[PDB]
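Engineer: Let me begin by handing over the structure; questions about it come next.
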Number of protein chains: 2
Amino acid sequence: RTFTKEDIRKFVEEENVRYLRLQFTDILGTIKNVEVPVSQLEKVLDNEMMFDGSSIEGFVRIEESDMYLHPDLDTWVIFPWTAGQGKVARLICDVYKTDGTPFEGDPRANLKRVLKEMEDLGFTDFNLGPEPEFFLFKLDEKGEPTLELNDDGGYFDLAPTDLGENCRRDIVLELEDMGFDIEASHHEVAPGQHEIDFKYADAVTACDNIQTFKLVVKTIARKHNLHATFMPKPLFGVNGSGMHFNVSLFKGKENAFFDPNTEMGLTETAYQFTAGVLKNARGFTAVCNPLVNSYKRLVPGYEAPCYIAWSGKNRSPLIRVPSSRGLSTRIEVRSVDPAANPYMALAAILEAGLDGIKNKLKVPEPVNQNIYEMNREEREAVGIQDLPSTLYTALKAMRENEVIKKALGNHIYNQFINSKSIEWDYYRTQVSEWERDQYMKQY
Amino acid sequence: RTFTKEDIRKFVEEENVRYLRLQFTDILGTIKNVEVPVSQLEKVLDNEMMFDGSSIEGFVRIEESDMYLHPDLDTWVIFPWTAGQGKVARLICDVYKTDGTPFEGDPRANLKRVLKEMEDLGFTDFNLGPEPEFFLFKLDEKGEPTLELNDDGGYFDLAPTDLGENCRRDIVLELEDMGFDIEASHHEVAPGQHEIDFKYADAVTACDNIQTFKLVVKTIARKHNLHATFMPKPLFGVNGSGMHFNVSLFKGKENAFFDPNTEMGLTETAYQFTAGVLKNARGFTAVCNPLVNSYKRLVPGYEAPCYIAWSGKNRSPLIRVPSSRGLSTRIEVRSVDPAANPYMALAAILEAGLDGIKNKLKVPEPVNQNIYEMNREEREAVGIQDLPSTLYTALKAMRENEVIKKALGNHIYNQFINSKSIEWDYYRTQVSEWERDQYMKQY
Ligand SMILES: Nc1ncnc2c1ncn2[C@@H]1O[C@H](COP(=O)(O)OP(=O)(O)O)[C@@H](O)[C@H]1O
Ligand SMILES: Nc1ncnc2c1ncn2[C@@H]1O[C@H](COP(=O)(O)OP(=O)(O)O)[C@@H](O)[C@H]1O
Ligand SMILES: C[S@](=O)(CC[C@H](N)C(=O)O)=NP(=O)(O)O
Ligand SMILES: C[S@](=O)(CC[C@H](N)C(=O)O)=NP(=O)(O)O
Ligand SMILES: [Mg+2]
Ligand SMILES: [Mg+2]
Ligand SMILES: [Mg+2]
Ligand SMILES: [Mg+2]
Ligand SMILES: [Mg+2]
Ligand SMILES: [Mg+2]
Ligand SMILES: [Mg+2]
Ligand SMILES: [Mg+2]
Ligand SMILES: [Mg+2]
Ligand SMILES: [Mg+2]
């Protein structure tokens, strides 16, 4: 069910592939890659491809720059928009040190580490169905983006109110040709916003999917004279974009979250799992919402969470339980946004979830109600805690949580905190057009 | 005949449609749809598939916000401007709740509910032939509509006075290749105004016929560098657009409105029905004219109604009985405008008419003169009421009518009152440039 070096060797000759892209993911969720001519295949498969690690965000220092790429052969895919003499294929890679030690800073591998912990606890797969929503801006004279959305449409609109109809069709086409099992395509709430959904996959595969997804969304958009962006809240007073993380544990072909006995079809594994996410949600939101701009979307009134609670069929809370049951039984962690590093965010959610199982915690009361229309002490009554309000308050929540530190390991944890703290302090000393428009004449 | 799943399956295979487009309508009459690839065909046909009802206007709240779609299979249609590999079929859907119940808030479901009460009183089909007039404006360079109209032509004008022949011929062509029975196209009275008529059909498919028609006109208008608008009165001083509702009852392929033996040629069933339409007109005007702007159409001098009355061959009253008889025999409610939600409006007029049959009401006598040149005191004489003049009074007339509260059921009634009252209380507060032009120098 895994591919061998000779599997890959045959694909390269069958489809007459000309170039290889070796791709991997830094600490910011940003995909990086070098292209080699397929004449270098044997170097690729014997794990002898090198790059400057010091030139990558959350990696090594300049005095130990050299690092290697190790291709995960299962990640093979060919880019259905490439020619015959320019056919390009891809391998996603894990990062290693010169000595053959896998890198403590690799985000993909760190998720592979946390998934071995769920396995020793008796679960065969951790499935994630991501929901990355995006905005489409128009490009100008000289190719750079503008602030003019591509339409003034809204949820489930059709053409011409929704003008990214063709562009979404082109993204489904190339994606389907890449082995994506697409599920739905539609205009989202906010003007210019779009959603394309695809079937869930096992943890490592799902993240690889997100990275591919972004990759295809952005380039096809450019071919439609549009600029795509996964920024959390591009604009005040409209819905932001969130990368909902639908998750579930399988004991093999069977969904450990589903109960065919009860009226709400949830097992107590699932209740325990949701318990852990809720307990540790403060500690992991810096990682699921790692930009300053991520907290301009965690504001009430736009179907994004602000308050740690769970409920079914309810889109105001941090955890919605969608109505589907059966193999589709899942918890939806709505706080995640598309700027998150998927590998790290899923590591976060998984180990928080595994915290609830290993510690057999009982879940709080479902908040079956519109949490926005609740006031500070009406929710303080039922024990509903807030998520961090700023990126600075999110990191502090991180420094004091013990689970996110285990889910990330010491390197990523420190490199993440060190970067984002510098990030905050550049922001914190910016003077906004807001401050000037409100304060330059008045005072 | 009536299509069944495997009928659906075979058409999908035999035609290689790659994409389903599932559509439903919100309270404001606006079409809503999601694209899903044919991968998901079986998830569609098992009514297994969902959307967010709190982001549909006039539907559910965010706490209870998960809803499903049941496709009406008889609505299968392949878009004749989608080639292979990008070929889209459509299915109109009904809307269901998480408990498997139809949604009280579905406007289409509702028309179906009322049509059931029509089968009670012994009628097989309620046919409607709609007449959705529209305007075409010129786009500017960056794609947005301007206030320059496409021609300056009149009723029945030719090219080059009429510069919409070519936009209309393309509309007519796509429409026939979607199965429409087109009956005429021509320039309408106002400059830039156009009409395309088509055969009547049963109530549901006719409202479906209107939604498709609207979507196909706006699409093709863009292809021609135009903006189609179904706004009732886009410009002062020249006719508005109406959506004439031509209706009749059938006792099984027999025009129940046609009496072959009498001179006028109407059965007493047709008379009773008009009595009910005429009695309840004020109560259903808000739903037939839901815009502030709807009421700048409903003003004398423009071939559009403003007084509750009925006449044959006569184009001033609310209701006109056109000369044609036989199976063409119909009443024409001329108040309807194209911003009206088709399903709701038809539900409203269907029950008003039913109100008159069941109670065997008797018809006001016809007003066989140009009822725009009758003085308020001359009209009060014969006992002729006025239509509501503002959306606010129309809402007042609606809150005080019992037939309309039962045509919509409480959810649609309540949702529409609420939404439109708010739409008014913004309008009533804005300062018109009319006001600043007459008053700002004089005072
Ligand atoms: N058992 C499961 N575990 C994790 N994700 C799942 C499971 N079943 C379905 N999903 C995922 O949840 C996603 C949610 O799809 P979507 O239609 O976007 O739901 P909504 O938009 O209503 O939250 C799908 O992408 C699917 O792959
Ligand atoms: N029995 C009927 N019931 C409802 N509509 C009908 C019937 N017979 C004809 N019609 C419809 O009336 C419409 C005529 O519109 P049109 O020719 O524009 O009339 P007008 O003379 O009012 O412009 C068509 O949509 C046609 O299908
Ligand atoms: C209507 S929405 O509910 C959009 C939510 C918002 N944009 C956010 O996640 O921040 N999401 P979904 O795809 O789950 O229906
Ligand atoms: C000549 S007109 O009579 C124009 C009516 C106008 N546009 C309105 O109903 O507002 N309508 P029709 O197509 O029924 O002849
Ligand atoms: Mg070697
Ligand atoms: Mg291709
Ligand atoms: Mg979704
Ligand atoms: Mg969404
Ligand atoms: Mg979601
Ligand atoms: Mg199923
Ligand atoms: Mg006509
Ligand atoms: Mg007309
Ligand atoms: Mg007419
Ligand atoms: Mg008789």
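FYI the Cβ positions are ideal-geometry reconstructions off the backbone, even for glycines, and counts take in every protein chain you see. Every number in this text was worked out from the coordinates using simple rules, so none of it is lab data.
Engineer: Using a simple charge model, +1 on the beta-carbon of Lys and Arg, -1 on the beta-carbon of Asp and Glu, nothing else, what dipole does region A:1-77 show about its Cα centre, in debye to the nearest 20? Each step should come with its number before you reach the end.
Structural biologist: Working: 9 positive and 17 negative charges, 41 e Å.
My answer is approximately 200 debye.
Engineer: Please give every one of the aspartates and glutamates within straight-line cross-link reach of A:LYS97, meaning a C-alpha to C-alpha distance under 19 Å, and leave out same-chain neighbours fewer than 8 residues apart.
Structural biologist: Partners within reach: A:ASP26, A:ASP46, A:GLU48, A:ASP52, A:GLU57, A:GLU63, A:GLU64, A:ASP66, A:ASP72, A:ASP106.
Engineer: Step through the residues of region A:145-152 one at a time and calculate ³J(HN,Hα) from phi using the Karplus curve (6.51 cos²θ - 1.76 cosθ + 1.60, θ = phi - 60°), rounding each to whole Hz and writing x for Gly and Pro.
Structural biologist: Rounded to whole hertz, the list is x, 10, 9, 9, 4, 7, 7, 10.
Engineer: Between region B:316-366 and region A:238-296, how many Å separate their Cα centres?
Structural biologist: That distance is 54 Å.
Engineer: Taking amide hydrogens as modeled 1.01 Å from N in the peptide plane, which residues meet the under 5 Å criterion relative to B:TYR307, leaving out close sequence neighbours?
Structural biologist: B:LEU318, B:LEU387
Engineer: Please work out whether region B:167-209 counts as rounded, prolate or oblate from its C-alpha gyration tensor, where a ≥ b ≥ c are the square roots of the eigenvalues and a/c under 1.5 means rounded, while otherwise a/b larger than b/c means prolate and anything else oblate?
Structural biologist: Cα axes put region B:167-209 in the oblate bin.
Engineer: Would you be so kind as to identify which of B:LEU408, B:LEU45, B:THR393 lies farthest towards the positive end of the dipole of chain B, taking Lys and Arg as +1 and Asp and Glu as -1 on Cβ and the Cα centre as origin?
Structural biologist: B:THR393
Engineer: Quick check: from the Cα gyration tensor, does region B:316-443 come out rounded (a/c under 1.5), prolate or oblate?
Structural biologist: Values: a/c = 2.15, a/b = 1.33, b/c = 1.61.
Since a/c reaches 1.5 but b/c is at least a/b, the shape of region B:316-443 is classed as oblate.
Engineer: Continuing with this model, one more query. Just grab the label-to-label distance for B:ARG169 and A:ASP152, each label 7 Å out from Cα along the Cβ direction, in nm (one decimal).
Structural biologist: The answer from the label model is 3.3 nm.
Engineer: Percent relative contact order of chain A, based on C-alpha pairs within less than 8 angstrom and at least six residues apart?
Structural biologist: Dividing the mean separation by the residue count of chain A yields 14 percent.
Engineer: Simple spin-label model, 7 Å along Cα-to-Cβ: A:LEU327 to B:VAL38 in nm?
Structural biologist: 2.2 nm
Engineer: Also, I was wondering about something else. For B:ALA190, which sequence-distant residues (separation of 5 or more, or a different chain) have an amide H within less than 5 Å of its own amide H, given hydrogens modelled in the peptide plane?
Structural biologist: B:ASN239
Engineer: Still on this structure, please answer the following. With charges set only on the Cβ (+1 for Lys and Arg, -1 for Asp and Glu), what does the dipole of region A:396-443 come to about its Cα centre, in debye to the nearest 20? Before the final figure, lay out each step's value.
Structural biologist: Values: 8 positive and 7 negative charges, 36 e Å.
That gives region A:396-443 a dipole magnitude of about 180 debye.
Engineer: Just the number, please: percent antiparallel of the DSSP beta bridges in region A:209-352, rounded to the nearest 5. Spell out each step's value before the answer.
Structural biologist: On the way: 7 of 10 bridges.
That works out to approximately 70 percent antiparallel.
Engineer: Sticking with this structure for a sec: Which of A:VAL34, A:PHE198, A:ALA109 sits closest to the plus end of the dipole of chain A, meaning its Cα is farthest towards the positive end, when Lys and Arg get +1 and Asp and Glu get -1 on the C-beta?
Structural biologist: So the residue we want is A:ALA109.
Engineer: For chain B, what is the calculated [θ] at 222 nm in deg cm²/dmol (nearest 500), taking -39500 (n - 2.57) for each run of four or more DSSP H residues and dividing by its residue count?
Structural biologist: Working: 12 runs with 154 residues, N = 443.
So the calculated ellipticity at 222 nm is -11000 deg cm²/dmol.
Engineer: Suppose we consider the axis relating copy A to copy B; can you name the residue of A with the nearest Cβ and state that distance in angstrom as an integer?
Structural biologist: A:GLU141, 13
Engineer: If the cut-off is a Cα-Cα distance under 27 Å, which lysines reach B:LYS441, setting aside same-chain residues fewer than 8 apart in sequence?
Structural biologist: B:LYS441 reaches B:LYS296.
Engineer: Once you put a point 7 Å from the Cα of A:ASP46 and another 7 Å from the Cα of B:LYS138, both along the Cβ direction, what distance in nm separates them?
Structural biologist: It is 7.1 nm.
Engineer: For chain B, what does the alpha-carbon gyration tensor say about shape, rounded, prolate or oblate, given a ≥ b ≥ c as the root eigenvalues, a/c under 1.5 as rounded, and a/b over b/c as prolate?
Structural biologist: Working: a/c = 1.40, a/b = 1.20, b/c = 1.16.
Rounded shape, in that the Cα axes give a/c under 1.5.
Engineer: At 20 angstrom or more along the helix axis (alpha-carbon based) and mean Kyte-Doolittle of 0.5 or higher, what helices does chain A contain? Whole DSSP H runs only. Show your work: numbers first, answer last.
Structural biologist: Values: long enough: A:107-120 (21 Å, -1.21); A:203-223 (31 Å, 0.35); A:268-288 (28 Å, 0.21); A:342-358 (23 Å, 0.88); A:403-429 (32 Å, -0.64).
Passing helices, by number: A:342-358.
Engineer: Follow-up. Give me the inter-chain shielding for A:150-161: mean count of other chain Cβ atoms within 10 Å, whole number please.
Structural biologist: Details: counts 1, 1, 1, 0, 5, 9, 13, 4, 11, 6, 9, 4.
That average works out to 5.
Engineer: What FRET efficiency would be calculated for the residue pair B:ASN410, B:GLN430, taking the C-beta separation as r and a Förster radius of 35 Å, to the nearest 0.05? Present the calculation step by step, with values, prior to reporting the outcome.
Structural biologist: Numbers: r = 31 Å, r/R0 = 0.90.
Efficiency, rounded to the nearest 0.05: 0.65.
Engineer: Pairs B:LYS358/B:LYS406; B:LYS116/B:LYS199; B:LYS112/B:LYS251; A:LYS313/A:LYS396; A:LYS116/A:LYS358; B:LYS358/B:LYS405: which exceed 20 Å Cα-Cα? Let's see the in-between values first.
Structural biologist: Details: B:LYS358/B:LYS406 15 Å; B:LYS116/B:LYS199 23 Å; B:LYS112/B:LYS251 18 Å; A:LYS313/A:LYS396 32 Å; A:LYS116/A:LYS358 14 Å; B:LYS358/B:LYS405 17 Å.
Checking Cα-Cα distances, B:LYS116/B:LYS199; A:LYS313/A:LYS396 exceed 20 Å.
Engineer: Okay, next question. Per-residue HN-Hα couplings for region B:76-86, Karplus 6.51 cos²θ - 1.76 cosθ + 1.60 at θ = phi - 60°, whole Hz, x for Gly and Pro?
Structural biologist: Karplus values, whole Hz, x for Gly and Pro: 3, 7, 9, 5, x, 10, 10, 6, x, 6, x.
Engineer: For B:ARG1, which inter-copy label distances result when the label point lies 7 Å beyond Cα on the Cα-to-Cβ vector, reported in nm to one decimal and in ascending order?
Structural biologist: 4.6
Engineer: Once the label point is set 7 Å along the Cα-to-beta-carbon vector, what list of distances in nm do you get between B:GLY86 and its counterparts in the other copies?
Structural biologist: Those separations, rounded to one decimal, come out as 2.0 nm.
Engineer: Would you mind checking which residues have amide H under 5 Å from A:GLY312's amide H? H placed 1.01 Å from N; only 5 or more apart, or other chain.
Structural biologist: It is A:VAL321, by chain and number.
Engineer: Neighbouring Cβ atoms within 10 Å as the yardstick, rank A:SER248, A:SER316 fewest first. Mind showing how you got there, number by number?
Structural biologist: On the way: A:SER248 24, A:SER316 27.
Ordered by Cβ neighbours within 10 Å, fewest first: A:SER248, A:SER316.
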